Amino acid sequence: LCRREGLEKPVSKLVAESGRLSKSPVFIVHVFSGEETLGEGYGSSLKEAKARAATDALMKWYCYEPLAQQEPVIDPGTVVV
Amino acid sequence: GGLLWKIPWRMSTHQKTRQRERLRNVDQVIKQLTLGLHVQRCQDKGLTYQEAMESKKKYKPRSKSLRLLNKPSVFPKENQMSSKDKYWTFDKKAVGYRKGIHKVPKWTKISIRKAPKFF
Amino acid sequence: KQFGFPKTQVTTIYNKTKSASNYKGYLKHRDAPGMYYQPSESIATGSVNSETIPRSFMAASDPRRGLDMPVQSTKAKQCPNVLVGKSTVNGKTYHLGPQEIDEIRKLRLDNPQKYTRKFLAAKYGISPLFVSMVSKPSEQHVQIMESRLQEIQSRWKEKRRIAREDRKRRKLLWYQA
Amino acid sequence: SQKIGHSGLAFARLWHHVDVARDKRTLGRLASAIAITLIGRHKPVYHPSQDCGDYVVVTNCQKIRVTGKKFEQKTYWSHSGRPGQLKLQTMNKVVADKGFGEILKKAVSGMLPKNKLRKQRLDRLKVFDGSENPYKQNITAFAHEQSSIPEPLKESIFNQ
Amino acid sequence: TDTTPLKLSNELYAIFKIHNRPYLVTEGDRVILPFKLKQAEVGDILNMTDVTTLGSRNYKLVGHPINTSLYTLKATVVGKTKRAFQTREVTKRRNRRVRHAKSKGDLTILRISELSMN
Amino acid sequence: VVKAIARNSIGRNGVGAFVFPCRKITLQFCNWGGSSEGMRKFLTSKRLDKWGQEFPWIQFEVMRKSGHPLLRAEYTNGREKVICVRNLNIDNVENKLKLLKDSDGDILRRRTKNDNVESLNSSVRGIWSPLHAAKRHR
RNA sequence: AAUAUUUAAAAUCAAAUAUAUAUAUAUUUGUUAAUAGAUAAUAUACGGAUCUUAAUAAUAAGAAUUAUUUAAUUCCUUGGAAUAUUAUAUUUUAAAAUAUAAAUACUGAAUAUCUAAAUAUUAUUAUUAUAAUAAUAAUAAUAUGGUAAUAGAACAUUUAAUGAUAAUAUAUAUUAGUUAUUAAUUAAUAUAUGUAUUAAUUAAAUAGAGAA
RNA sequence: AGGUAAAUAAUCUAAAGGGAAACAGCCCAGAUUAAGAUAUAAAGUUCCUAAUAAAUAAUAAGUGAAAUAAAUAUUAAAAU
RNA sequence: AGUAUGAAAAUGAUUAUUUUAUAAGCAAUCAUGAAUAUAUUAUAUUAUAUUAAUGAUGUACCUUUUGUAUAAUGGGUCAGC
Ligand SMILES: [Mg+2]
Ligand SMILES: [Mg+2]
Ligand SMILES: [Mg+2]
Ligand SMILES: [Mg+2]
Ligand SMILES: [Mg+2]
Ligand SMILES: [Mg+2]
Ligand SMILES: [Mg+2]
Ligand SMILES: [Mg+2]
Ligand SMILES: [Mg+2]
Ligand SMILES: [Mg+2]
Ligand SMILES: [Mg+2]
Ligand SMILES: [Mg+2]
Ligand SMILES: [Mg+2]
Ligand SMILES: [Mg+2]
Ligand SMILES: [Mg+2]
Ligand SMILES: [Mg+2]
Ligand SMILES: [Mg+2]
Ligand SMILES: [Mg+2]
Ligand SMILES: [Mg+2]
Ligand SMILES: [Mg+2]
Ligand SMILES: [Mg+2]
Ligand SMILES: [Mg+2]
Ligand SMILES: [Mg+2]
């Protein structure tokens, strides 16, 4: 999706972390494209958090609802991976 | 004394503040009573309510009990009262001839401002 | 900053550190009439909210782009990389020609035990994923590997199988949003 | 409506450090502060029916403040049940036996609510007389805080 | 009162007060008032007036009350009804007389049909 | 890759078009039977007609049976209230009928303190998080 | 410094209020603390934890004791005004200036109000059919804890008088609904019965049992 | 004397609710049924436990912190 | 001590659901997770029912007394009287 649009490559980064070396940690990771954050993802593991950030980003992409005052938004199709 | 009436010999800070507030309220009530009477008397003479309220010369109450209450020697105000008379009654059978007002029954309703001159 | 509204915490009249759950204190707290900025005390993971969506995902004719609400509180310079591939850290390389690819394919079919993905990657300066994308192994090798995996699974206790199932369920749940 | 959403982060057990060398509170006040955290009263999602309180790692507990002459006077009691077995230990003696962390724990226990979750809450408190401790690596941290800390110290901590 | 962010936002909540009882709502929410409404019948629409707070995710307009011109907030009266019937017993400790305190309070189910910045 | 999860919508009766909860009422009486006197009187005396005129979305069935007099309502959700109106006067019967028409069909239920609003909607503000709070704890 | 008393606002002084009023008169208020003395038998016993502060160094603690107070502090007459505080926003160069707000401390009962419901009385209405009545519904007010006791109103059960109806019915039981509910009713299920001394009004009672 | 005898008032008796750790008789306050927004009473506001911030003095004895133990002694402190 | 019938209870064994081996007191009520069952309008992010996670409140009943959780009276339980 980032490639398709005029966006920098997305990378996931630890924002906040607590309870590493426990039964139930909390890892907050943000998928940044440049300095802009696209998706925020919490998780018990790092991997999980990363996944969640990506899913959040995708949700924000797809479930974007424009205003009625805006001129019509025709999307450029589904992101064919 | 096997039954335990666990009442402390002295009052808390919060209790004392409440007592003070109560004392202030009774003074306020008295003031209102005198004020209303004055207003009524002004009206009888023939002034409007506002004019009566403005009036320089306030009329003192003619009835006896009210007049006594107005006097601070008989019935002092909370600001006038001593620290001791706010929180301590006179009790002739106590040591110190003094007893906490909170130990008086129905002290929240019953008023007792004036203690004897040297007790 | 487009808007210059005063900003407020979600204020109780009581001690917030001791009585955060006490709704009564919140109910009591009146604040002067007007517009405020109450920044949300929440992660924006499940939210489809318009104040949560980033500006790049908003349309060009969206009025909301200009307004300052998708706040960039974090900074990418300060945050460290998590589970990032080696291609992302040092860029993608498209160096291997057709001949090299063909050689790799030949090698992999011939002997996947000797010429494994990692070894190929090491040889040609490329990713194991890319090697996989390029070349299939001999299907026999794959079958053997599947059989080994099945044997391992069988070797488990009841508890381990259940745990694996739970893990799988959790994984599935992650991608829901 | 307010309740509906992802609640996993709200009910997340965080880990709270307190360097007793830095903290200027006396023992009892510190214990009281800890108790709330342990219960989970600090967090608005709290409910009495649910244990939802955080971990508290106390460290450098040897430098804990105790007013008056309580260190040589204050007596900690104990009793099995058999008469003539009342065990009374002064605070300094208790410290010598176990540490200042034990003392803190006792205070925190007394602060906590007396029910089935009390023990769990007490367990979540992790006290240490000196500096070094295993939970060093799991105290809540943020990326914005990292500039304050020097470069090699972080690496050393990670290694530890 | 620059009420532009609220107007823009897709999600939006209100904290309207009926008889000083606050109810935090979005559109579609189903309020359950703990009394019998006499004025409105079932099917009637209620235009909420004492609206304390109107909030987005990050902003909120607040008034005592908010200007009626700025918003709309239409509830629909979707059934007067009652709570479940209960009978707690009242009695003293060496007394065979046990007075039954029967109770079955009234309810009014509203539904918040419309909520938007005008 | 993205895949759908098959899911169905939830009807909120009020928001678009209000469908009236009470759909049908059955007045049941007995020609014999002294308990059915007030019901019989109600049926006779021009009140029922007025009622029907007022509420043309409800259908008003009138039945005769040997037992006690009955008021059974029928609601949109599929539930059925049945009130026995034995030995009640005309006015009491009418009040009962009014009560029935007022009801949304749902079962009676104990509510806890301040259990007021019932939302399908996700919170407009998020759910709280300790990492994302304004004031950090200590 | 020394000796010896007193621990006091009566006098005295200071401060405040009220009458003529830059003063006089009358009233009101203001005068120690610590320790020792100290003390028994299941076990420490403020209800328990615990409370006494500390620069460096915290966006941060410093009685949780005793005494006199306040609801940010200071003047003026509950109220306003000024002062700095705190928080926030804006502008300028982490600071300065401008402005908005907070100053109504809070908790707390089955108290009071509000919000609805019930009964009773008083006073007004409305609707429907001793109509100066009855039923139902409004509004305002007052009342509704209760042993001994007094008074009023109901229900379940059984018998007698009158009495439609019917296995698509009735009775009894179980479960789940309904009606402000010791009761009855709806549905399902079960077993009986070709069927209620049935609904209703009267008359009566071997008429209601965790208490001998 | 938690004694006894009467006098006056209140409560209990026959009164549930809040406070007084627990509590017939103390401090508030009288349950027709709910509801739980607002005023509150007595009593409270570090935690257990619903709720708090200040000011000026004094204490250092854990004195004391809701059940005040005396004569006397010692050490200070003011005033004359 | 008639004859039929008898899911009347106390009472026993067994099965099912659910809770329970770090927790302390009339064993209930209210709050509140979870698990299970039923549901020919669960459209569901559903509804009811059952069940000692966890939290809070809670000193059997009667009699007799100035006054009873009382370690005062009386009752083993249920059915009929
Ligand atoms: Mg009793
Ligand atoms: Mg008695
Ligand atoms: Mg004098
Ligand atoms: Mg002792
Ligand atoms: Mg205490
Ligand atoms: Mg009341
Ligand atoms: Mg009565
Ligand atoms: Mg009999
Ligand atoms: Mg019996
Ligand atoms: Mg009985
Ligand atoms: Mg008696
Ligand atoms: Mg009385
Ligand atoms: Mg009582
Ligand atoms: Mg009453
Ligand atoms: Mg609290
Ligand atoms: Mg002590
Ligand atoms: Mg004591
Ligand atoms: Mg266990
Ligand atoms: Mg206990
Ligand atoms: Mg007793
Ligand atoms: Mg006994
Ligand atoms: Mg016993
Ligand atoms: Mg016996």
# chains A, B, ... in the order shown; residues from 1 in each chain; ligands from 1
call {"tool": "interface_residues", "arguments": {"of": "chain G", "to": "chain C", "cutoff": "7 Å", "atoms": "only C-alpha atoms (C1' of nucleotides)", "output": "MDAnalysis selection string"}}
result
chainID G and resid 88:89 101
call {"tool": "select_by_dssp", "arguments": {"residues": "stretch 6-60 of chain E", "states": "strand (DSSP E)", "output": "list in words"}}
result
residues 13, 14, 15, 16, 17, 18, 21, 22, 23, 24, 25, 32, 33, 45, 46, 47, 51, 52, 53, 54, 55, 59 and 60 of chain E
call {"tool": "residues_around", "arguments": {"residues": "residue F:127", "least_positions_apart": "3", "cutoff": "8 Å", "atoms": "only C-alpha atoms (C1' of nucleotides)", "output": "list in words"}}
result
residues 41, 42 and 43 of chain C; 2, 3, 4, 5, 6, 7 and 10 of chain D; 123 of chain F
call {"tool": "atom_distance", "arguments": {"atom1": "atom CA of residue F:122", "atom2": "atom CA of residue F:11"}}
result
16.2 Å
call {"tool": "residues_around", "arguments": {"residues": "residue E:80", "least_positions_apart": "2", "cutoff": "7 Å", "atoms": "only C-alpha atoms (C1' of nucleotides)", "output": "PyMOL selection string"}}
result
(chain E and resi 36+42+107-109) or (chain F and resi 102-104)
call {"tool": "closest_atom_pairs", "arguments": {"of": "chain G", "to": "ligand 10", "cutoff": "12 Å", "atoms": "only C-alpha atoms (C1' of nucleotides) and all ligand atoms", "output": "tab-separated table"}}
result
residue	atom	partner	partner_atom_place_in_ligand_line	distance
G:182	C1'	ligand 10	1 (Mg)	11.1
G:208	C1'	ligand 10	1 (Mg)	10.7
G:209	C1'	ligand 10	1 (Mg)	7.6
G:210	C1'	ligand 10	1 (Mg)	6.7
G:211	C1'	ligand 10	1 (Mg)	9.4
call {"tool": "interface_residues", "arguments": {"of": "chain D", "to": "chain H", "cutoff": "8 Å", "atoms": "only C-alpha atoms (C1' of nucleotides)", "output": "mmCIF file with N, CA and C atoms, in the first residue's frame"}}
result
data_model
loop_
_atom_site.group_PDB
_atom_site.id
_atom_site.type_symbol
_atom_site.label_atom_id
_atom_site.label_comp_id
_atom_site.auth_asym_id
_atom_site.auth_seq_id
_atom_site.Cartn_x
_atom_site.Cartn_y
_atom_site.Cartn_z
ATOM 1 N N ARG D 29 4.283 6.463 55.049
ATOM 2 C CA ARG D 29 3.687 7.229 53.953
ATOM 3 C C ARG D 29 3.971 6.573 52.609
ATOM 4 N N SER D 32 1.864 3.385 52.382
ATOM 5 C CA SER D 32 0.494 3.794 52.051
ATOM 6 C C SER D 32 0.329 4.098 50.564
ATOM 7 N N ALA D 33 1.299 4.826 50.012
ATOM 8 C CA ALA D 33 1.342 5.150 48.581
ATOM 9 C C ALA D 33 1.405 3.892 47.716
ATOM 10 N N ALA D 35 0.444 0.850 48.617
ATOM 11 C CA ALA D 35 -0.773 0.056 48.830
ATOM 12 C C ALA D 35 -1.839 0.322 47.773
ATOM 13 N N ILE D 36 -2.104 1.605 47.543
ATOM 14 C CA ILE D 36 -3.021 2.078 46.495
ATOM 15 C C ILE D 36 -2.676 1.491 45.130
ATOM 16 N N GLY D 68 11.729 9.677 64.385
ATOM 17 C CA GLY D 68 11.796 9.443 65.826
ATOM 18 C C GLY D 68 12.911 8.491 66.211
ATOM 19 N N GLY D 110 -0.131 -4.393 56.032
ATOM 20 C CA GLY D 110 -1.069 -3.741 56.942
ATOM 21 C C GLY D 110 -1.946 -2.698 56.272
ATOM 22 N N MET D 111 -1.386 -2.001 55.283
ATOM 23 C CA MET D 111 -2.144 -1.029 54.487
ATOM 24 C C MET D 111 -3.231 -1.700 53.640
ATOM 25 N N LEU D 112 -2.926 -2.875 53.085
ATOM 26 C CA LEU D 112 -3.810 -3.552 52.117
ATOM 27 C C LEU D 112 -5.159 -4.022 52.694
ATOM 28 N N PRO D 113 -6.177 -4.230 51.820
ATOM 29 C CA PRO D 113 -7.496 -4.685 52.288
ATOM 30 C C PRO D 113 -7.512 -6.170 52.654
ATOM 31 N N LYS D 114 -8.164 -6.510 53.767
ATOM 32 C CA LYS D 114 -8.069 -7.853 54.354
ATOM 33 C C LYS D 114 -9.062 -8.807 53.687
#
call {"tool": "residues_near_ligand", "arguments": {"ligand": "ligand 7", "cutoff": "8 Å", "atoms": "only C-alpha atoms (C1' of nucleotides) and all ligand atoms", "output": "PDB file with C-alpha atoms (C1' of nucleotides), in the first residue's frame"}}
result
ATOM      1  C1'   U G 144     -48.321   6.567  56.192  1.00  0.00           C
ATOM      2  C1'   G G 145     -41.629   2.757  62.181  1.00  0.00           C
ATOM      3  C1'   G G 146     -44.306   0.143  65.664  1.00  0.00           C
TER       4        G G 146
END
call {"tool": "residues_around", "arguments": {"residues": "residue A:53", "least_positions_apart": "4", "cutoff": "10 Å", "atoms": "only C-alpha atoms (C1' of nucleotides)", "output": "list in words"}}
result
residues 12, 13, 28, 29, 30, 31, 32, 37, 38, 39, 40, 41, 42, 43, 47, 48, 49, 57, 58 and 59 of chain A; 44, 45, 46, 174, 175 and 177 of chain C
call {"tool": "write_last_selection", "arguments": {"atoms": "C-alpha atoms", "output": "PDB file, in the first residue's frame"}}
result
ATOM      1  CA  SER A  12       7.703  -0.767  13.128  1.00  0.00           C
ATOM      2  CA  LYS A  13       9.337   0.748  16.232  1.00  0.00           C
ATOM      3  CA  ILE A  28       3.468  -0.615  22.245  1.00  0.00           C
ATOM      4  CA  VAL A  29       4.844  -0.415  18.696  1.00  0.00           C
ATOM      5  CA  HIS A  30       4.047   2.163  16.004  1.00  0.00           C
ATOM      6  CA  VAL A  31       4.394   1.549  12.266  1.00  0.00           C
ATOM      7  CA  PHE A  32       6.043   4.747  11.023  1.00  0.00           C
ATOM      8  CA  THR A  37       2.831   7.139  12.339  1.00  0.00           C
ATOM      9  CA  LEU A  38       0.332   5.057  10.347  1.00  0.00           C
ATOM     10  CA  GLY A  39      -0.744   2.382  12.832  1.00  0.00           C
ATOM     11  CA  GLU A  40      -0.419   1.967  16.602  1.00  0.00           C
ATOM     12  CA  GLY A  41      -0.176  -1.594  17.939  1.00  0.00           C
ATOM     13  CA  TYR A  42      -0.187  -2.926  21.501  1.00  0.00           C
ATOM     14  CA  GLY A  43       0.714  -6.542  22.285  1.00  0.00           C
ATOM     15  CA  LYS A  47       5.659  -9.732  17.163  1.00  0.00           C
ATOM     16  CA  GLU A  48       2.002  -9.480  18.202  1.00  0.00           C
ATOM     17  CA  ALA A  49       2.323  -5.724  18.736  1.00  0.00           C
ATOM     18  CA  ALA A  57      -2.901   0.846   9.642  1.00  0.00           C
ATOM     19  CA  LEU A  58      -4.888  -1.303   7.204  1.00  0.00           C
ATOM     20  CA  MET A  59      -8.127  -0.555   9.083  1.00  0.00           C
TER      21      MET A  59
ATOM     22  CA  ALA C  44      -5.744   4.197  18.537  1.00  0.00           C
ATOM     23  CA  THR C  45      -5.634   0.505  17.537  1.00  0.00           C
ATOM     24  CA  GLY C  46      -9.295  -0.482  17.062  1.00  0.00           C
ATOM     25  CA  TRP C 174      -4.396 -10.525  16.545  1.00  0.00           C
ATOM     26  CA  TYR C 175      -5.292 -10.006  12.860  1.00  0.00           C
ATOM     27  CA  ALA C 177      -8.987  -5.599  14.625  1.00  0.00           C
TER      28      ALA C 177
END
